[PDB]
Structure formats: structure tokens, C-alpha cells
Amino acid sequence: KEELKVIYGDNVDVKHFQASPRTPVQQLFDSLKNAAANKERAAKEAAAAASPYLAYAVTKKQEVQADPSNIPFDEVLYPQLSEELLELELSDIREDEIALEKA
Amino acid sequence: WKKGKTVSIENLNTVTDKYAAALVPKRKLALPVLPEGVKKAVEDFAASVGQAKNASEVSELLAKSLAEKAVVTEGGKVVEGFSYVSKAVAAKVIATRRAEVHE
Amino acid sequence: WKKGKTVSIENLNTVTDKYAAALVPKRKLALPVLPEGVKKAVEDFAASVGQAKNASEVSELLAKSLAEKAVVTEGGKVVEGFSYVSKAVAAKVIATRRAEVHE
């Protein structure tokens, strides 16, 4: 909820994104949906910065975070880990299936 | 910083450049953002042939088709033959596997 | 042509301009040809994000999606709300109707 409230508001409907998570294509298009409101927010935060160092740091932090290629995907970064997280879930489903096959 | 000297803004900004360079993932999806120089060039050609009412919807299909085949880059260079299973695809695998065991 | 005068190439060419203007149909489909100024602008952006191996195949989907919604113009202006049934769609109607009666 805390990762998707900044896109979809307070009533996130977490159940829909839990059953079907967002695609990398879908994660791109919500990053570009608020890309106009984020760059304007980075301008007003750099203007209200206390120092020129704090003004450069917010524009540099937002320039990295505006890029949707800078979205870290654990399926891309650690591929053998993400297939291990998949077979972690599928083994619990398989152990329930062996109990039904024994019956 | 040296005891007699004083740290300057140019050295402080390359340090923040080093922090934000670590925010970039080691291996990332090259999720393409459609540039406005490409986006309105398509939308003026769509308005050239009378399709200005669906000129925007054409540019979304151009943006999605570039995004559906988004490639994986590591050092800026494309990792050749890289296969990844996303979290939305993996949760679709889990849900049909749960529905097999539940029925 | 007058009996003392002599017909010039400028008058002969506007006459051939009048013949070729009749070759243009009174109501025509605005079938869009993708301009190369738009085509390589998409293909350089596709090569910008590492998709240069499928840069050409992206431009075909942009050309087809503009062509699948090709609009109908009469005097250069779009005929609003114009529906037409093509010969490929009509022959698909005939073939399933023949297959209904044959079975």
C-alpha cells in the first residue's frame, strides 16, 4: 500500500495489485503518469531549499528517480533468486497436491 | 576537507553524484520513454491523415510496443539472450497452480 | 490553340494536370504512408533503447495501426461517421454463409 499510494491515492485497492501485480510495462506508465507533477515538485523543493547543496541534491535525486529504467526489478537484478521465490510458493502448493494424491 | 582548507560546492556535488550513481541498478530494464520529438512527429503525421481524434491513442501503441519488448542492459550495453520472469507473470503461474490444487 | 498562335508547354501541362486530377477518386481512403522523417525518428529512438534489432518491426506496427483506422475523405475533408464494408470483410461474410448452407 505504501508503494502504490503515491500513484493511486489513499484508496489503493491493495487486493487487486496483490492478486495481479503490476507489469514492468505497467510500472513504466504510472511512472510517466506523475512525471509532470514530480518534476514540478522537484523545482519547488529546490527553490525552497535552505542551501545550494540541498537544491542540487533534490534535483539529482529526482533526475535519477524520474527515469523508469532506474526502477529496480528483482526479476532482472537477481533472476535466479526470483525463480527461487516462485518455487518457494509452488512447493507449498505441491505439498498440498501430494496430500490430495495420497488420499 | 583539509584542516586549513574549505570544502567547495564543486567537490560536494560530485560526492552527491557518486551517491546517485549507486541508485542506478547494476542490471536494469531499458524501459523506453517516448520522447516528445518522436511523440508529436507521430501525432502530426496522424493529424496529417485525418486521424487526429485517435492521434494520441496511436502514440500509446507505439510506446507500449517499445515497452513490451524492453531489453535488459547492464553497463549500458545490452545483455544478449537475457530471459527474465516478472512478478506479474510469476503470480499468474502461482494462481493457476493454486486453482489446480483447489479444484 | 489559335490558328496564328502556337500552343506552349505551360498550357499543355495544365491540361495533363486536369486529366490526372480526374484520376483521384471522388471519395477515397486516407491510407497513411509513414514518412521517413517520422519513420527513422521512431527507429532512432528504438535504437536509443537497445531495440535496434526490432526497430523496423516497431515501425510496421506504427504504420499498420495508422492504416487499420484509415479515415475516409471526400474533398480532402473527413467524411464524419462514414462506415464501409470492404471486399475482404464481405467475402468473409459470404464464405461463412456458404459454409452454413453447405453443412
# chains A, B, ... in the order shown; residues from 1 in each chain; ligands from 1

call {"tool": "calpha_fit_and_write", "arguments": {"fixed": "chain B", "moving": "chain C", "output": "compact mmCIF listing (two decimals) with N, CA, C and O atoms, in the first residue's frame"}}
result
# COMPACT_ATOMS: atom_id res chain seq x y z
N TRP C 1 38.20 17.50 2.55
CA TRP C 1 38.32 18.54 3.55
C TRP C 1 39.68 18.45 4.22
O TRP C 1 40.06 17.39 4.73
N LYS C 2 40.42 19.56 4.19
CA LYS C 2 41.67 19.70 4.91
C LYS C 2 41.52 20.77 5.97
O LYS C 2 40.66 21.65 5.86
N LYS C 3 42.39 20.71 6.99
CA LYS C 3 42.17 21.47 8.22
C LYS C 3 42.32 22.97 7.98
O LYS C 3 41.61 23.78 8.59
N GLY C 4 43.23 23.36 7.09
CA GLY C 4 43.33 24.76 6.73
C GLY C 4 42.35 25.15 5.64
O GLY C 4 41.87 26.28 5.60
N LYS C 5 42.03 24.21 4.76
CA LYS C 5 41.25 24.50 3.56
C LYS C 5 39.76 24.59 3.90
O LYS C 5 39.35 24.60 5.06
N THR C 6 38.94 24.67 2.85
CA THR C 6 37.50 24.71 2.98
C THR C 6 36.88 24.00 1.79
O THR C 6 37.26 24.24 0.64
N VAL C 7 35.92 23.11 2.07
CA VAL C 7 35.32 22.29 1.02
C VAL C 7 34.40 23.15 0.15
O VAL C 7 33.65 23.99 0.64
N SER C 8 34.50 22.96 -1.17
CA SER C 8 33.78 23.76 -2.15
C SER C 8 32.53 23.03 -2.63
O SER C 8 32.35 21.84 -2.37
N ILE C 9 31.68 23.76 -3.36
CA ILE C 9 30.42 23.20 -3.84
C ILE C 9 30.67 22.24 -5.00
O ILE C 9 29.90 21.30 -5.22
N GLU C 10 31.78 22.42 -5.72
CA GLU C 10 32.08 21.53 -6.84
C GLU C 10 32.52 20.16 -6.36
O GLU C 10 32.25 19.15 -7.03
N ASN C 11 33.19 20.09 -5.22
CA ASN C 11 33.56 18.79 -4.67
C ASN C 11 32.38 18.15 -3.94
O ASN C 11 32.26 16.92 -3.90
N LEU C 12 31.50 18.97 -3.37
CA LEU C 12 30.32 18.45 -2.69
C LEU C 12 29.31 17.89 -3.69
O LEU C 12 28.52 17.00 -3.35
N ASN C 13 29.32 18.39 -4.92
CA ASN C 13 28.32 17.97 -5.89
C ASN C 13 28.74 16.70 -6.62
O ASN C 13 27.89 15.93 -7.08
N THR C 14 30.05 16.46 -6.74
CA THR C 14 30.50 15.20 -7.32
C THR C 14 30.38 14.06 -6.31
O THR C 14 30.33 12.89 -6.69
N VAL C 15 30.34 14.39 -5.02
CA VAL C 15 30.08 13.39 -4.00
C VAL C 15 28.62 12.95 -4.05
O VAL C 15 28.31 11.75 -3.99
N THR C 16 27.70 13.91 -4.22
CA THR C 16 26.29 13.58 -4.40
C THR C 16 26.06 12.91 -5.75
O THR C 16 25.11 12.13 -5.92
N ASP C 17 26.93 13.18 -6.72
CA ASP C 17 26.92 12.44 -7.98
C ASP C 17 27.29 10.98 -7.77
O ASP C 17 26.81 10.10 -8.48
N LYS C 18 28.16 10.71 -6.79
CA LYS C 18 28.57 9.34 -6.52
C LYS C 18 27.48 8.58 -5.77
O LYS C 18 27.35 7.36 -5.92
N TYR C 19 26.69 9.29 -4.95
CA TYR C 19 25.59 8.64 -4.25
C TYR C 19 24.47 8.27 -5.21
O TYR C 19 23.90 7.18 -5.13
N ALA C 20 24.14 9.18 -6.14
CA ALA C 20 23.02 8.94 -7.04
C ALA C 20 23.40 7.97 -8.15
O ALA C 20 22.52 7.40 -8.81
N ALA C 21 24.69 7.77 -8.38
CA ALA C 21 25.12 6.76 -9.33
C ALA C 21 24.92 5.36 -8.77
O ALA C 21 24.75 4.40 -9.52
N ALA C 22 24.93 5.24 -7.44
CA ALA C 22 24.65 3.95 -6.81
C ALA C 22 23.15 3.66 -6.78
O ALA C 22 22.74 2.52 -6.55
N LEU C 23 22.33 4.69 -7.01
CA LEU C 23 20.89 4.48 -7.08
C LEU C 23 20.48 3.79 -8.38
O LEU C 23 19.41 3.20 -8.47
N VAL C 24 21.33 3.88 -9.40
CA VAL C 24 21.12 3.18 -10.66
C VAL C 24 21.40 1.70 -10.43
O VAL C 24 22.46 1.36 -9.88
N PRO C 25 20.49 0.80 -10.79
CA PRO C 25 20.73 -0.63 -10.58
C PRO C 25 21.83 -1.17 -11.48
O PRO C 25 22.11 -0.61 -12.55
N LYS C 26 22.45 -2.26 -11.03
CA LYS C 26 23.58 -2.84 -11.76
C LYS C 26 23.13 -3.46 -13.07
O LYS C 26 23.87 -3.43 -14.07
N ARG C 27 21.94 -4.03 -13.09
CA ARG C 27 21.31 -4.53 -14.30
C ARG C 27 19.88 -4.02 -14.32
O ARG C 27 19.14 -4.20 -13.35
N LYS C 28 19.49 -3.36 -15.41
CA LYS C 28 18.20 -2.70 -15.45
C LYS C 28 17.49 -2.95 -16.77
O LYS C 28 18.12 -3.25 -17.79
N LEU C 29 16.17 -2.84 -16.72
CA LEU C 29 15.37 -2.86 -17.93
C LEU C 29 15.49 -1.52 -18.64
O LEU C 29 15.38 -0.46 -18.02
N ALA C 30 15.70 -1.57 -19.96
CA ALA C 30 15.70 -0.35 -20.77
C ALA C 30 14.26 -0.01 -21.14
O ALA C 30 13.83 -0.15 -22.29
N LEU C 31 13.52 0.43 -20.14
CA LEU C 31 12.14 0.82 -20.35
C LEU C 31 12.10 2.14 -21.12
O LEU C 31 12.58 3.16 -20.63
N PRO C 32 11.55 2.15 -22.32
CA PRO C 32 11.65 3.35 -23.16
C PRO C 32 10.57 4.37 -22.87
O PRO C 32 9.37 4.06 -22.86
N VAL C 33 10.99 5.60 -22.63
CA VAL C 33 10.09 6.75 -22.58
C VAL C 33 10.06 7.35 -23.97
O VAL C 33 11.11 7.59 -24.57
N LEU C 34 8.86 7.56 -24.50
CA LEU C 34 8.72 8.11 -25.83
C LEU C 34 9.06 9.60 -25.79
O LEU C 34 8.40 10.36 -25.07
N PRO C 35 10.09 10.04 -26.52
CA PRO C 35 10.44 11.46 -26.50
C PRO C 35 9.40 12.28 -27.23
O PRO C 35 8.73 11.80 -28.15
N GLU C 36 9.25 13.54 -26.80
CA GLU C 36 8.23 14.39 -27.40
C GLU C 36 8.61 14.79 -28.82
O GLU C 36 7.74 15.07 -29.65
N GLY C 37 9.91 14.77 -29.14
CA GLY C 37 10.32 14.94 -30.52
C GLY C 37 9.90 13.79 -31.41
O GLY C 37 9.71 13.96 -32.62
N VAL C 38 9.75 12.60 -30.83
CA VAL C 38 9.21 11.47 -31.57
C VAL C 38 7.69 11.42 -31.43
O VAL C 38 6.98 11.00 -32.35
N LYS C 39 7.17 11.89 -30.29
CA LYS C 39 5.75 11.71 -30.00
C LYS C 39 4.88 12.64 -30.84
O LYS C 39 3.84 12.21 -31.36
N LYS C 40 5.27 13.91 -30.99
CA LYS C 40 4.45 14.81 -31.78
C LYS C 40 4.73 14.64 -33.27
O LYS C 40 3.90 14.99 -34.10
N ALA C 41 5.90 14.10 -33.62
CA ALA C 41 6.18 13.79 -35.02
C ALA C 41 5.28 12.67 -35.52
O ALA C 41 4.91 12.65 -36.70
N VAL C 42 4.92 11.74 -34.64
CA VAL C 42 3.92 10.74 -34.98
C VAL C 42 2.52 11.35 -34.95
O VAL C 42 1.67 11.06 -35.80
N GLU C 43 2.28 12.26 -34.00
CA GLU C 43 0.93 12.80 -33.83
C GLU C 43 0.61 13.87 -34.87
O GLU C 43 -0.56 14.12 -35.16
N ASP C 44 1.63 14.51 -35.44
CA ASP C 44 1.37 15.40 -36.57
C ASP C 44 1.13 14.61 -37.85
O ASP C 44 0.33 15.02 -38.69
N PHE C 45 1.81 13.47 -38.00
CA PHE C 45 1.54 12.60 -39.14
C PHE C 45 0.17 11.94 -39.02
O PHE C 45 -0.50 11.69 -40.02
N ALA C 46 -0.26 11.66 -37.79
CA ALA C 46 -1.61 11.13 -37.59
C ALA C 46 -2.65 12.21 -37.84
O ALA C 46 -3.75 11.91 -38.31
N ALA C 47 -2.32 13.46 -37.54
CA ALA C 47 -3.24 14.56 -37.86
C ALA C 47 -3.12 14.95 -39.33
O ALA C 47 -3.99 15.64 -39.86
N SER C 48 -2.04 14.52 -39.99
CA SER C 48 -1.89 14.78 -41.42
C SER C 48 -2.88 13.95 -42.23
O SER C 48 -3.35 14.39 -43.28
N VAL C 49 -3.21 12.74 -41.76
CA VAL C 49 -4.10 11.85 -42.48
C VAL C 49 -5.50 11.80 -41.88
O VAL C 49 -6.23 10.83 -42.11
N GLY C 50 -5.90 12.82 -41.12
CA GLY C 50 -7.26 12.90 -40.62
C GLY C 50 -7.55 12.09 -39.38
O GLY C 50 -8.70 12.07 -38.93
N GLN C 51 -6.55 11.43 -38.80
CA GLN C 51 -6.72 10.63 -37.60
C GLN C 51 -6.32 11.39 -36.34
O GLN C 51 -5.72 10.80 -35.44
N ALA C 52 -6.61 12.69 -36.29
CA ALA C 52 -6.22 13.50 -35.14
C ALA C 52 -7.05 13.16 -33.90
O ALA C 52 -6.64 13.46 -32.78
N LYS C 53 -8.23 12.56 -34.09
CA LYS C 53 -9.04 12.17 -32.95
C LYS C 53 -8.46 10.95 -32.25
O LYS C 53 -8.61 10.79 -31.03
N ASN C 54 -7.80 10.07 -33.00
CA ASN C 54 -7.04 8.97 -32.41
C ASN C 54 -5.54 9.14 -32.59
O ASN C 54 -4.82 8.15 -32.69
N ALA C 55 -5.05 10.39 -32.63
CA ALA C 55 -3.62 10.62 -32.76
C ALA C 55 -2.89 10.26 -31.48
O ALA C 55 -1.76 9.76 -31.52
N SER C 56 -3.51 10.50 -30.32
CA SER C 56 -2.88 10.17 -29.05
C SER C 56 -2.86 8.67 -28.82
O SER C 56 -1.88 8.13 -28.29
N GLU C 57 -3.93 7.98 -29.22
CA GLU C 57 -4.04 6.55 -28.96
C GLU C 57 -3.09 5.75 -29.84
O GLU C 57 -2.71 4.62 -29.50
N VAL C 58 -2.67 6.33 -30.96
CA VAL C 58 -1.65 5.69 -31.80
C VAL C 58 -0.29 5.75 -31.11
O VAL C 58 0.47 4.78 -31.13
N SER C 59 0.00 6.87 -30.44
CA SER C 59 1.30 7.04 -29.80
C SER C 59 1.43 6.15 -28.56
O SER C 59 2.55 5.80 -28.17
N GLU C 60 0.31 5.78 -27.94
CA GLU C 60 0.37 4.82 -26.84
C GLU C 60 0.72 3.43 -27.34
O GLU C 60 1.47 2.70 -26.68
N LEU C 61 0.20 3.04 -28.51
CA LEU C 61 0.55 1.73 -29.06
C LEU C 61 1.99 1.70 -29.54
O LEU C 61 2.62 0.64 -29.57
N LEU C 62 2.54 2.86 -29.91
CA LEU C 62 3.96 2.93 -30.23
C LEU C 62 4.80 2.86 -28.96
O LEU C 62 5.87 2.25 -28.94
N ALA C 63 4.31 3.48 -27.88
CA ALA C 63 5.04 3.46 -26.62
C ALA C 63 4.96 2.09 -25.95
O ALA C 63 5.94 1.64 -25.34
N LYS C 64 3.81 1.42 -26.05
CA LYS C 64 3.68 0.09 -25.45
C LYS C 64 4.49 -0.95 -26.20
O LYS C 64 5.12 -1.81 -25.57
N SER C 65 4.48 -0.91 -27.53
CA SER C 65 5.18 -1.92 -28.32
C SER C 65 6.69 -1.82 -28.16
O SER C 65 7.41 -2.81 -28.27
N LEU C 66 7.18 -0.61 -27.88
CA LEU C 66 8.58 -0.46 -27.50
C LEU C 66 8.80 -0.95 -26.08
O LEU C 66 9.89 -1.42 -25.73
N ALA C 67 7.77 -0.88 -25.24
CA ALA C 67 7.92 -1.25 -23.83
C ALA C 67 7.70 -2.75 -23.63
O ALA C 67 8.27 -3.33 -22.70
N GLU C 68 6.87 -3.38 -24.46
CA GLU C 68 6.63 -4.81 -24.32
C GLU C 68 7.86 -5.62 -24.69
O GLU C 68 8.06 -6.73 -24.18
N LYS C 69 8.70 -5.08 -25.57
CA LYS C 69 9.99 -5.68 -25.90
C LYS C 69 11.15 -4.90 -25.31
O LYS C 69 12.18 -4.74 -25.98
N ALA C 70 11.00 -4.39 -24.09
CA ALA C 70 12.07 -3.67 -23.42
C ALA C 70 13.23 -4.61 -23.12
O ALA C 70 13.03 -5.74 -22.65
N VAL C 71 14.44 -4.15 -23.40
CA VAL C 71 15.61 -5.02 -23.36
C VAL C 71 16.35 -4.76 -22.05
O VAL C 71 16.09 -3.77 -21.37
N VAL C 72 17.25 -5.67 -21.68
CA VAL C 72 17.94 -5.63 -20.40
C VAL C 72 19.38 -5.21 -20.64
O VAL C 72 20.11 -5.85 -21.40
N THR C 73 19.79 -4.12 -19.99
CA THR C 73 21.14 -3.59 -20.10
C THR C 73 21.82 -3.61 -18.75
O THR C 73 21.17 -3.45 -17.71
N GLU C 74 23.13 -3.82 -18.75
CA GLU C 74 23.90 -3.93 -17.52
C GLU C 74 24.87 -2.76 -17.35
O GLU C 74 24.77 -2.02 -16.38
N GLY C 75 25.79 -2.56 -18.29
CA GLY C 75 26.69 -1.44 -18.20
C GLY C 75 26.38 -0.41 -19.26
O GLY C 75 27.27 0.26 -19.78
N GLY C 76 25.10 -0.27 -19.58
CA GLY C 76 24.68 0.45 -20.75
C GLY C 76 24.64 -0.39 -22.01
O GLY C 76 24.03 0.03 -23.00
N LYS C 77 25.26 -1.56 -21.99
CA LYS C 77 25.27 -2.47 -23.13
C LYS C 77 24.23 -3.56 -22.91
O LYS C 77 23.99 -3.98 -21.78
N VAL C 78 23.63 -4.02 -24.01
CA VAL C 78 22.55 -5.00 -23.93
C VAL C 78 23.10 -6.36 -23.55
O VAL C 78 24.03 -6.88 -24.19
N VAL C 79 22.54 -6.95 -22.50
CA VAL C 79 22.82 -8.34 -22.14
C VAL C 79 22.13 -9.23 -23.16
O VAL C 79 20.90 -9.25 -23.26
N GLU C 80 22.93 -9.97 -23.93
CA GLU C 80 22.40 -10.75 -25.04
C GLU C 80 21.76 -12.04 -24.55
O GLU C 80 22.35 -12.80 -23.78
N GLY C 81 20.54 -12.30 -25.03
CA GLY C 81 19.84 -13.53 -24.70
C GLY C 81 19.41 -13.62 -23.25
O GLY C 81 19.44 -14.71 -22.67
N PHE C 82 19.00 -12.51 -22.66
CA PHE C 82 18.62 -12.45 -21.26
C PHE C 82 17.12 -12.71 -21.14
O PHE C 82 16.32 -11.97 -21.72
N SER C 83 16.76 -13.74 -20.40
CA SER C 83 15.37 -14.07 -20.12
C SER C 83 15.08 -13.78 -18.66
O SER C 83 15.89 -14.12 -17.79
N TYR C 84 13.94 -13.15 -18.39
CA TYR C 84 13.51 -12.87 -17.03
C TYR C 84 12.03 -13.15 -16.91
O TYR C 84 11.27 -12.95 -17.86
N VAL C 85 11.62 -13.62 -15.74
CA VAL C 85 10.21 -13.88 -15.43
C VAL C 85 9.77 -12.83 -14.42
O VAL C 85 10.23 -12.83 -13.28
N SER C 86 8.86 -11.95 -14.83
CA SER C 86 8.44 -10.84 -13.99
C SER C 86 7.54 -11.32 -12.86
O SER C 86 7.13 -12.48 -12.81
N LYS C 87 7.24 -10.41 -11.93
CA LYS C 87 6.44 -10.77 -10.78
C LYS C 87 4.96 -10.90 -11.14
O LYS C 87 4.21 -11.60 -10.45
N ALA C 88 4.53 -10.24 -12.21
CA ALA C 88 3.15 -10.39 -12.65
C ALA C 88 2.96 -11.72 -13.38
O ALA C 88 1.89 -12.33 -13.29
N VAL C 89 3.98 -12.16 -14.11
CA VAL C 89 3.91 -13.44 -14.79
C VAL C 89 4.04 -14.58 -13.79
O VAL C 89 3.34 -15.60 -13.88
N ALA C 90 4.88 -14.39 -12.77
CA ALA C 90 5.08 -15.43 -11.76
C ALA C 90 3.86 -15.59 -10.87
O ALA C 90 3.55 -16.69 -10.42
N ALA C 91 3.14 -14.49 -10.61
CA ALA C 91 1.94 -14.59 -9.79
C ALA C 91 0.77 -15.16 -10.58
O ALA C 91 -0.18 -15.67 -10.00
N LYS C 92 0.83 -15.05 -11.91
CA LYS C 92 -0.14 -15.75 -12.74
C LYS C 92 0.14 -17.24 -12.76
O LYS C 92 -0.77 -18.06 -12.86
N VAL C 93 1.42 -17.62 -12.65
CA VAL C 93 1.79 -19.03 -12.56
C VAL C 93 1.31 -19.61 -11.23
O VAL C 93 0.80 -20.73 -11.18
N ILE C 94 1.44 -18.84 -10.15
CA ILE C 94 1.04 -19.29 -8.83
C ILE C 94 -0.47 -19.44 -8.73
O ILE C 94 -0.98 -20.40 -8.14
N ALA C 95 -1.22 -18.52 -9.36
CA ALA C 95 -2.67 -18.50 -9.20
C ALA C 95 -3.35 -19.63 -9.96
O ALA C 95 -4.34 -20.20 -9.48
N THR C 96 -2.84 -19.98 -11.14
CA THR C 96 -3.38 -21.14 -11.85
C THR C 96 -2.93 -22.44 -11.19
O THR C 96 -3.62 -23.46 -11.28
N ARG C 97 -1.78 -22.41 -10.53
CA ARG C 97 -1.32 -23.59 -9.80
C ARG C 97 -2.10 -23.76 -8.50
O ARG C 97 -2.34 -24.88 -8.05
N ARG C 98 -2.51 -22.65 -7.88
CA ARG C 98 -3.41 -22.74 -6.73
C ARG C 98 -4.80 -23.20 -7.15
O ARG C 98 -5.47 -23.92 -6.41
N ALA C 99 -5.25 -22.79 -8.34
CA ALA C 99 -6.58 -23.17 -8.79
C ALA C 99 -6.62 -24.62 -9.25
O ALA C 99 -7.69 -25.23 -9.28
N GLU C 100 -5.47 -25.18 -9.62
CA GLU C 100 -5.41 -26.60 -9.94
C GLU C 100 -5.56 -27.45 -8.69
O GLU C 100 -6.24 -28.48 -8.70
N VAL C 101 -4.91 -27.03 -7.61
CA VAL C 101 -4.91 -27.81 -6.38
C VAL C 101 -6.20 -27.58 -5.60
O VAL C 101 -6.72 -28.50 -4.95
N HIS C 102 -6.77 -26.39 -5.71
CA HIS C 102 -8.02 -26.10 -5.02
C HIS C 102 -9.18 -26.87 -5.63
O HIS C 102 -10.05 -27.36 -4.90
N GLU C 103 -9.22 -27.01 -6.96
CA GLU C 103 -10.30 -27.77 -7.57
C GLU C 103 -10.08 -29.27 -7.36
O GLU C 103 -11.04 -30.04 -7.42

call {"tool": "select_by_dssp", "arguments": {"residues": "chain A", "states": "alpha helix (DSSP H)", "output": "PyMOL selection string"}}
result
chain A and resi 5-8+14-19+24-31+35-47+52-66+74-77+79-102

call {"tool": "write_last_selection", "arguments": {"atoms": "C-alpha atoms", "output": "mmCIF file, in the first residue's frame"}}
result
data_model
loop_
_atom_site.group_PDB
_atom_site.id
_atom_site.type_symbol
_atom_site.label_atom_id
_atom_site.label_comp_id
_atom_site.auth_asym_id
_atom_site.auth_seq_id
_atom_site.Cartn_x
_atom_site.Cartn_y
_atom_site.Cartn_z
ATOM 1 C CA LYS A 5 -0.398 5.166 -2.547
ATOM 2 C CA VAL A 6 1.783 7.766 -4.278
ATOM 3 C CA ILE A 7 0.246 6.780 -7.613
ATOM 4 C CA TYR A 8 -3.325 5.640 -6.984
ATOM 5 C CA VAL A 14 -4.422 -3.331 -2.490
ATOM 6 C CA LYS A 15 -6.318 -6.588 -3.188
ATOM 7 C CA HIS A 16 -6.222 -6.094 -6.966
ATOM 8 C CA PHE A 17 -2.478 -5.413 -7.027
ATOM 9 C CA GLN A 18 -1.802 -8.292 -4.646
ATOM 10 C CA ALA A 19 -3.585 -10.866 -6.807
ATOM 11 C CA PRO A 24 7.189 -3.689 -15.946
ATOM 12 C CA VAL A 25 5.236 -2.041 -18.775
ATOM 13 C CA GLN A 26 2.555 -1.034 -16.272
ATOM 14 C CA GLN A 27 5.181 0.204 -13.802
ATOM 15 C CA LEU A 28 6.536 2.433 -16.574
ATOM 16 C CA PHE A 29 3.203 4.093 -17.296
ATOM 17 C CA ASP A 30 2.441 5.083 -13.712
ATOM 18 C CA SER A 31 5.962 6.490 -13.515
ATOM 19 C CA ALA A 35 6.295 12.528 -14.101
ATOM 20 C CA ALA A 36 4.942 16.030 -14.723
ATOM 21 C CA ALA A 37 3.838 16.544 -11.118
ATOM 22 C CA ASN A 38 7.129 15.149 -9.803
ATOM 23 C CA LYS A 39 9.441 17.374 -11.851
ATOM 24 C CA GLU A 40 7.395 20.431 -10.884
ATOM 25 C CA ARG A 41 7.638 19.277 -7.264
ATOM 26 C CA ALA A 42 11.416 18.950 -7.597
ATOM 27 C CA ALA A 43 11.560 22.532 -8.867
ATOM 28 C CA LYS A 44 9.611 23.966 -5.930
ATOM 29 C CA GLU A 45 11.643 21.906 -3.456
ATOM 30 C CA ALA A 46 14.913 23.136 -4.959
ATOM 31 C CA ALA A 47 13.615 26.708 -4.795
ATOM 32 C CA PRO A 52 22.566 25.382 -2.914
ATOM 33 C CA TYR A 53 23.832 21.951 -1.867
ATOM 34 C CA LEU A 54 20.336 20.898 -0.800
ATOM 35 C CA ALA A 55 18.994 22.369 -4.042
ATOM 36 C CA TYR A 56 21.328 20.301 -6.225
ATOM 37 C CA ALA A 57 20.706 17.168 -4.169
ATOM 38 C CA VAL A 58 16.932 17.191 -4.667
ATOM 39 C CA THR A 59 17.256 17.773 -8.415
ATOM 40 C CA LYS A 60 19.834 14.988 -8.663
ATOM 41 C CA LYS A 61 17.729 12.605 -6.571
ATOM 42 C CA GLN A 62 14.684 13.324 -8.722
ATOM 43 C CA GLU A 63 16.606 13.074 -12.010
ATOM 44 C CA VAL A 64 17.552 9.511 -11.086
ATOM 45 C CA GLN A 65 14.091 8.648 -9.769
ATOM 46 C CA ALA A 66 12.239 10.122 -12.755
ATOM 47 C CA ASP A 74 14.416 -8.013 -8.712
ATOM 48 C CA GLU A 75 13.397 -10.264 -11.606
ATOM 49 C CA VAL A 76 16.099 -8.548 -13.665
ATOM 50 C CA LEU A 77 18.695 -7.875 -10.958
ATOM 51 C CA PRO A 79 16.918 -13.723 -11.797
ATOM 52 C CA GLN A 80 17.816 -16.980 -10.046
ATOM 53 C CA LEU A 81 16.511 -15.506 -6.794
ATOM 54 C CA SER A 82 13.149 -14.627 -8.342
ATOM 55 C CA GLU A 83 12.686 -18.142 -9.685
ATOM 56 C CA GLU A 84 13.576 -19.363 -6.197
ATOM 57 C CA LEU A 85 10.873 -17.120 -4.753
ATOM 58 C CA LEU A 86 8.483 -18.628 -7.291
ATOM 59 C CA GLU A 87 9.329 -22.243 -6.432
ATOM 60 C CA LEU A 88 9.103 -21.277 -2.759
ATOM 61 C CA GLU A 89 5.402 -20.624 -3.330
ATOM 62 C CA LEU A 90 4.967 -23.536 -5.738
ATOM 63 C CA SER A 91 6.478 -26.054 -3.318
ATOM 64 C CA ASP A 92 3.829 -25.212 -0.721
ATOM 65 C CA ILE A 93 1.192 -25.752 -3.413
ATOM 66 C CA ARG A 94 2.866 -29.015 -4.445
ATOM 67 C CA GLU A 95 2.931 -30.368 -0.882
ATOM 68 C CA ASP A 96 -0.819 -29.795 -0.723
ATOM 69 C CA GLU A 97 -1.221 -31.656 -4.020
ATOM 70 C CA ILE A 98 0.753 -34.708 -2.868
ATOM 71 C CA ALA A 99 -1.555 -34.909 0.152
ATOM 72 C CA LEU A 100 -4.550 -34.985 -2.199
ATOM 73 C CA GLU A 101 -2.895 -37.574 -4.446
ATOM 74 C CA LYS A 102 -2.240 -39.833 -1.456
#

call {"tool": "atom_distance", "arguments": {"atom1": "CA of residue 68 (chain A)", "atom2": "CA of residue 32 (chain A)"}}
result
7.9 Å
